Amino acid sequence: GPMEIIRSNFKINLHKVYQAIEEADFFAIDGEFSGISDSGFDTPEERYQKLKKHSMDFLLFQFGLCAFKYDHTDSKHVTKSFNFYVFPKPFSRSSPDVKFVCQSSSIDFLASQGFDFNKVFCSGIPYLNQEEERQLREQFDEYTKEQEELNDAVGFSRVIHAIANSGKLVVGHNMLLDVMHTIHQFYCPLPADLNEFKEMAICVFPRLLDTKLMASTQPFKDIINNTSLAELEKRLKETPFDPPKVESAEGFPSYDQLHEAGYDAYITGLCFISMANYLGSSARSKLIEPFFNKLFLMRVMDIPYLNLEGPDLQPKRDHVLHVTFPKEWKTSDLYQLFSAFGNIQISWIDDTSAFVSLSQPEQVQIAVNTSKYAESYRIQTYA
């Protein structure tokens, strides 16, 4: 796989990690979580707040990290990936005792994937957020010993520190949750306001790029019809793309199967490269700039992306409509359908539903009039 970094081998390895971050062009990351949940016309604000009130009690317990460095001689990319198992084992008797939530399906899913929970609960690496640390960098304040038990307590947060400070590009795939959890668990409680969080986000990560958003915009919008990470990996292997040669750095395990955070980062990163290369027809480039710190959005009316530099474009509601259809529909069906009106923007809501936005107010009205003669589906305007 990648490196299996657990509690018992965190310290001896840490430097290998720092080096990889420090020598990398960008890295791609991914999180595995304890669970997803204990929509539609939410303002980003309302989205944020729902995910805050309903997703953040879950534990990010496996963190994937894949560093990519471009070698200019062999025209290839060298990689290094890692699997960090993280677990808030209490430090002391007075140290806070974390209570996280588990979602049965998510657990059962990870079960179906060969995940090893023992590595998380028996061998997970500890960590501390901003407060827990500094509060304790005062307690432990006014021979050499405990100063080095401080570096043990913050434990995994050190690797986050490293990413945050490298000022290099961090790529994820549909990563709004990965980002949310990561600051929640390793920096501090998510703030009351979305504005407040966008600030907070870009100090941990200065440069974010969501592959799923990339795959869902021109020119990719027209050549790709499913943006699942698994399906995206497939589509970017065939023309008019070209999959970059990726080599495992000597002494790391390569891949040659089952989902982990590491693997998925490694894949996400490859996706990013393939889509960058196509765009030039580089990995720090100006071509990719417009994608920086715009996070992907799910199940939403007219927001194309979450802006992290803020604030977000208005919906322009009089452009949208809600459709319900046989589950047997695939994206091409939705396009071909509304093809009368030209390019459209899709946003899957269900397995049997999706939001569409049309080019003009007059158009919405019309597709509704047409649908009066169909059975397969139904069109809406205001719920």
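In this text, residue numbers run from 1 along the sequence as written.
Query raised in the report: From residue 142 on to residue 143, does the model leave out none, 1 to 3, 4 to 9, or 10 or more residues of the deposited sequence?
Result: Gap between residue 142 and residue 143: 10 or more unmodelled residues.
**Report entry** Deposited residues omitted from coordinates between residue 256 and residue 257, as a class
**Finding:** Unmodelled stretch: 4 to 9 residues.
Query - Stretch with the higher entry mean CA B-factor, where the candidates are 143-151 and 111-119 - result: The entry gives the higher C-alpha B-factor average to 143-151.
**Report entry** Between 77-85 and 133-141 (mean CA B-factor, as deposited), the higher
**Finding:** Averaging CA B-factors over each stretch, the winner is 133-141.
Query raised in the report: Hey, out of 55, 339, 39, 34, whose CA B-factor is highest in the deposited coordinates?
Result: Largest recorded C-alpha B-factor: 39.
Report task. Check the PDB entry and point out which of 174, 157, 105, 248 has the largest C-alpha temperature factor. Result -> The listed residue with the largest C-alpha B-factor is 248.
Requested in this report: Taking the values exactly as deposited, rank residue 70 by C-alpha B-factor within its chain and report the matching third: lowest, middle or highest.
Outcome: Answer is highest: the recorded C-alpha B-factor places it there.
Query - residue 97 CA temperature factor, ranked by third within the chain - result: Residue 97: CA B-factor falls in the middle third of its chain.
Report task. Taking the chain's C-alpha temperature factors as the reference, tell me which third residue 64 falls into: lowest, middle or highest. Result -> Residue 64: CA B-factor falls in the lowest third of its chain.
Query raised in the report: For residue 286, does the deposited CA B-factor place it in the lowest, middle or highest third of the chain?
Result: Its C-alpha B-factor, which the entry lists for residue 286, ranks in the highest third among residues of this chain.
Query raised in the report: Among the modelled residues of its chain, does the C-alpha B-factor of residue 231 lie in the lowest, middle or highest third?
Result: Its C-alpha B-factor, which the entry lists for residue 231, ranks in the highest third among residues of this chain.
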